[PDB]
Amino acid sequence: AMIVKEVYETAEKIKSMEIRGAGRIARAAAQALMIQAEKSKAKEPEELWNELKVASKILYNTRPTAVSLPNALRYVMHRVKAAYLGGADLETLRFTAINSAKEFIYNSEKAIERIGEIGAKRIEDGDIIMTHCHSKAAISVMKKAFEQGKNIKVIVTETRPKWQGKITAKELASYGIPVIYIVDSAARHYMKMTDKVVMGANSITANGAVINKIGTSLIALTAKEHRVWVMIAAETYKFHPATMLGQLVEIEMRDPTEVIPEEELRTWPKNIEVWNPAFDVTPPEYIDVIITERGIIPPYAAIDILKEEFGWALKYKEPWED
């Protein structure tokens, strides 16, 4: 199959986290399919179909935990597969991939904006907000509250080992928002002064559990301890269909060298193992609301988002499997 360099490059950058953030990697994967379809030299629809299946698989095998990625792939590929199977000729199949890809990307952008608008209404003037990692959905919320003239301040946790909190701090400061920057260990110490916790998600399960950057569950735990609202900002495509039928979400284990750099780590004795999970699981008892582009829900309503929008696909195999 003649896979274009952009598919390989997108995949390499997902894997390396040069491109990162759950929504962003899903957009990048839709983009990569778009580009495969645009540049394809396929002459028959079967051949293009085969390229899009192979590209889809390469992109799926990058990072496991964030379901946004497979959900993007499926959005495009369910539509591509129904067209190929319904007889579409080459150019109709091509357009179906391109246009489906574009709709995913545009829907992602609008969803993040609307999550901002909805979540911002829950932020009040004077609020100290704590956040974790770098989530564009959570940021959209903070950014909009500040645009509305609420004087907020945000406690940003540094978020080891990849330091995504540095991204968040600089970003929020560039909008005019003051930031207090702390190490992850200090989240309980500062939870007394916090009014709200606003974080994002990689995958949300059928029972309401949120899988998000390593340490999220700790911040949620002590927020609950303190009666501080935990709000999770998350697009519908963050919801995980396979968990409706019992599937466990895989937690990505990333290279030990993100924790201890290579040159240091290679001097350490062999009876030290460095373990580097990229996510943890926050149970729904520690989440007050999830803010989707369709509104505020209790986390227990995750199953409804899943039923009404993804359940249908579960009797069928993946729309890229041959």
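Position 1 is the first residue in the sequence shown; the rest follow in order.
J.: Looking at the entry, does 69 to 77 or 165 to 173 show the higher mean C-alpha B-factor?
T.: Looking at the record's C-alpha B-factors, the answer is 69 to 77.
J.: Do the C-alpha atoms of 261 to 269 or of 292 to 300 have the higher average B factor in the entry?
T.: Averaged over C-alpha atoms, the B-factors run higher in 261 to 269.
J.: For the listed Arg27, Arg254, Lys57, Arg63, which has the peak Cα B-factor recorded in the PDB entry?
T.: Out of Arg27, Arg254, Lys57, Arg63, the record gives the largest C-alpha B-factor to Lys57.
J.: Between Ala88, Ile204, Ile182, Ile128, where does the Cα B-factor run highest in the record?
T.: Highest C-alpha B-factor among the listed residues goes to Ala88.
J.: Test of reading the entry: by CA B factor among the chain's modelled residues, which third contains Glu51?
T.: It belongs to the highest third of the chain when residues are ordered by C-alpha B-factor.
J.: Split into thirds by Cα B-factor across the chain's modelled residues, where does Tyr84 land: lowest, middle or highest?
T.: According to the entry, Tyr84 has a C-alpha B-factor in the chain's highest third.
J.: Is the Cα B-factor recorded for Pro241 in the lowest, middle or highest third of its chain?
T.: Middle third.
J.: Going by what the PDB entry lists, where does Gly21 fall on CA B-factor within its chain: lowest, middle or highest third?
T.: Answer is lowest: the recorded C-alpha B-factor places it there.
J.: If you rank the chain by CA B-factor, which third does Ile35 end up in: lowest, middle or highest?
T.: Answer is highest: the recorded C-alpha B-factor places it there.
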